[PDB]
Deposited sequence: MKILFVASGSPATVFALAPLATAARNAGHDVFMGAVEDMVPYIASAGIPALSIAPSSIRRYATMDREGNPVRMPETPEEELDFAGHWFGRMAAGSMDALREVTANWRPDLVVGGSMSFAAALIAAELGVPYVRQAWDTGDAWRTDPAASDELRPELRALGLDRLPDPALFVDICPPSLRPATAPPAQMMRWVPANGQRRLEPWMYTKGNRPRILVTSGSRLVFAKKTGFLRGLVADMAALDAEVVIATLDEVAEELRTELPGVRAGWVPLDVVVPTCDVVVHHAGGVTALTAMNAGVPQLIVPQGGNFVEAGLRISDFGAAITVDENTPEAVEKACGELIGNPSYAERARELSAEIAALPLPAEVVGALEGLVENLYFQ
């Protein structure tokens, strides 16, 4: 069958959907994936046919409205405006290539709208362990004109929710879902021996994710690397190649640039990040403790669940003393790695993406979730 995947404005949203999209292609289905114009090379390099569904300028809707608790409301309205700006290209593509099913990420609201316009089932796939649905009332408010055309009062419930959240981190209030084993599918490069080999010292990976807006604030990574000086540890910076250069001149002896996280994370004692959900999943999957230094965003609450479970530490304040002490604890106290391995085991026990493709087939053949 024809399956349309709808990703968003950041590389992690492509990476989060690539296992289910490649699992569907491997089952013989015709799969296309769409995203913002500058995310198209990430889709193509994940080995998926790539569609541009919005110009890169649509990120202006993060600081502007359609006329020209707060974090939840803001994200719902931002992703809503991004969904609204993606409809023209999605309608043009689907008039020529009509999908039998549409799969969208957590906040890829245009997937919900195009599926309803086509009269085909809509599948929502969680792109992290955060509550995929917390931003829906704000998104429904933003998309009231598109929803009104379909005679809808709010975003419609998906025909199926595919969740990757392990049971120990899943809230009591979480909607029913087809569970799935999350697997990494991040951007790849030519591997160098340091990426898959470790030395005698513990290895600390520091990252601020794959969004250019976050990665450009190099002071965040520079400060975190400086905080680890007292530790006898090797520090590796995983960041965009476009911003790495500036970091290389400022920090001699520290590797900085794109390193496939799935390759290097199993060599790390600690993963230090900005509260990025897909980086959090990569660490949990490899049984690696993590240090979360929240820089706002909508994953902070879900990151606190990982900390409460004991597979991480969320620092109360970004101070050098708090960062170095937490890193020492994550390396030194074996309970953190023990809890991370328990989360890895929970993820491993969930249905494989190949098995979830069977649920999608059954859904389209009107056998399942009827």
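*Asks:* Deposited sequence versus model: which ranges have no CA atoms?
*Replies:* Sequence range with no C-alpha atoms is 69 to 77 alone.
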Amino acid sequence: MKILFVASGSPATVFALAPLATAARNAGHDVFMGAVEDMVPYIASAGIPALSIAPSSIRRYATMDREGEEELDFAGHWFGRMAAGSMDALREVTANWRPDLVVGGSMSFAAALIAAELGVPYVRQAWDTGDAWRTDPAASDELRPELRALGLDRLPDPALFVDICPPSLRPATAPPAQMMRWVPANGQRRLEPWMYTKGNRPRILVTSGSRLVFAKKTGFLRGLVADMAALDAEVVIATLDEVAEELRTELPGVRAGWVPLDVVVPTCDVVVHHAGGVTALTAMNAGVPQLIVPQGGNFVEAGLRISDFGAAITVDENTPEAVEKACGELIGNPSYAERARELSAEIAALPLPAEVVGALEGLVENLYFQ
From here on, numbers count along this sequence of modelled residues.
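*Asks:* Mind pulling up the entry and telling me whether 232 to 240 or 259 to 267 has the higher mean Cα temperature factor?
*Replies:* On average, C-alpha B-factors are higher across 232 to 240.
*Asks:* Between 107 to 115 and 197 to 205, name whichever shows the higher mean Cα B factor according to the PDB entry.
*Replies:* The entry gives the higher C-alpha B-factor average to 197 to 205.
*Asks:* Which of these has the highest Cα B-factor in the record: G28, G332, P41, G34?
*Replies:* When the deposited C-alpha B-factors of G28, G332, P41, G34 are compared, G332 is largest.
*Asks:* Going by the deposited entry, which of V323, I58, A50, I313 has the highest CA temperature factor?
*Replies:* Each of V323, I58, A50, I313 was compared by C-alpha B-factor; the highest is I58.
*Asks:* Give the position of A46 by CA B-factor within its chain, expressed as the lowest, middle or highest third.
*Replies:* Tercile = lowest for this residue's CA B-factor.
*Asks:* Is the Cα B-factor recorded for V213 in the lowest, middle or highest third of its chain?
*Replies:* Its C-alpha B-factor, which the entry lists for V213, ranks in the highest third among residues of this chain.
*Asks:* Lowest, middle or highest third: where is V120 by C-alpha B factor in its chain?
*Replies:* Ranked within chain, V120 CA B lands in the lowest tercile.
*Asks:* Using only modelled residues of the chain, where does the Cα B factor of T279 rank: lowest third, middle third or highest third?
*Replies:* Lowest third, going by the recorded CA B-factors of the chain.
*Asks:* Relative to the other modelled residues of the same chain, rank the CA B-factor of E92 and answer lowest, middle or highest third.
*Replies:* As the PDB entry reports it, the C-alpha B-factor of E92 lands in the middle third of its chain.
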